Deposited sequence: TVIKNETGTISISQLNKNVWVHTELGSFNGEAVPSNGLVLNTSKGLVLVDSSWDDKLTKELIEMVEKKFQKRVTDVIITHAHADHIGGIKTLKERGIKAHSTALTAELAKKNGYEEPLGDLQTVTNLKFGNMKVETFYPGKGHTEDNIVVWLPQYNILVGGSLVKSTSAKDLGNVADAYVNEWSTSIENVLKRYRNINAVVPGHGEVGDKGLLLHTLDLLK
C-alpha cells in the first residue's frame, strides 16, 4: 500500500494497520509514521524544512490527525534539517541530549534532548522505545523499537541490502559500529521488520549485512 504525493517526492507504505514508512527523495531516506489514537508520531522527519512541511501535510491530511511528535535519530543535516518546521508548528522533537548538542553546535534549533540510553514513550496506544546502542554511523545515532510490532527503525546505523558500502563515514566510528550493531541484535532478539535509513525494509538480516559491510 504505497501512497505517493503530488510529485512522488514523498511516498508512504503501510507496514501494518498503524505504522507506515515514509520515504522522501533528497538518495531516498526513510522514517516511520505512527498512527496513534493521540496523533501522528514521526520517527524522523525529512532532509529539510520544505519536505518536512510536505510530509507533515501529507500525513495530517491522510490520517486526519496532527503530527504531535517526531523522534530524531541523529543530528546530521538530513535528520535535523526540518527542525525549524517542527518547532514552529509545536511539534515535539525528541532526541538524545547528544543529538541536540550536536544540532546546536551545527547551528540548528535544538530538539528536546529528552531521550536517554533507553527511553520508553507511549503515544495513545503506541509504545515506542528509543535505544542508544553506541556509535556507528554517527556518534549519536539511535534506533527506535516498536515493541507491539517488533519493528526496528535502524536509521542510518542500518544499511539496506542494496547498500554495498557504508555511505558517508566522515562522522562514523567504524570500529564501534559493529559493537553497536551487536548491541541492537542483543536487545532485540526477535525482529519482525527493520527499516534501514535508506532502502528497503528488511529483517535482522540488514544488521548482519551492515556488520559485513564493516569488515
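Counting from residue 1 of the deposited sequence, the single stretch lacking C-alpha coordinates in this chain is 27 to 32.
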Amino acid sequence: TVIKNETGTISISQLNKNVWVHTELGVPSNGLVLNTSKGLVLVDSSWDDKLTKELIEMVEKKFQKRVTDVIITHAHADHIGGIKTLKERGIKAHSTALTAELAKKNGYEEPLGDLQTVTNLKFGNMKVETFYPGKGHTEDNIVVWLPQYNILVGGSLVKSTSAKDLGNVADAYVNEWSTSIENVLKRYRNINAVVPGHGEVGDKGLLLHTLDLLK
From here on, numbers count along this sequence of modelled residues.
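Of the two segments, 66 to 74 and 146 to 154, the one listed with the higher mean B-factor is 146 to 154 (C-alpha atoms only). In this crystal structure, the stretch out of 197 to 205 and 11 to 19 whose C-alpha atoms carry the higher mean B factor is 11 to 19. If you compare the C-alpha temperature factors of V27, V33, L55, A172 in the entry, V27 comes out highest. Comparing the C-alpha B-factors of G90, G82, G136, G124 in the entry, the top value falls on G124. Residue-level temperature factors show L40 in the middle third of its chain, judged at the C-alpha atom. The entry lists a Cα temperature factor for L185 that places it in the middle third of the chain's modelled residues.
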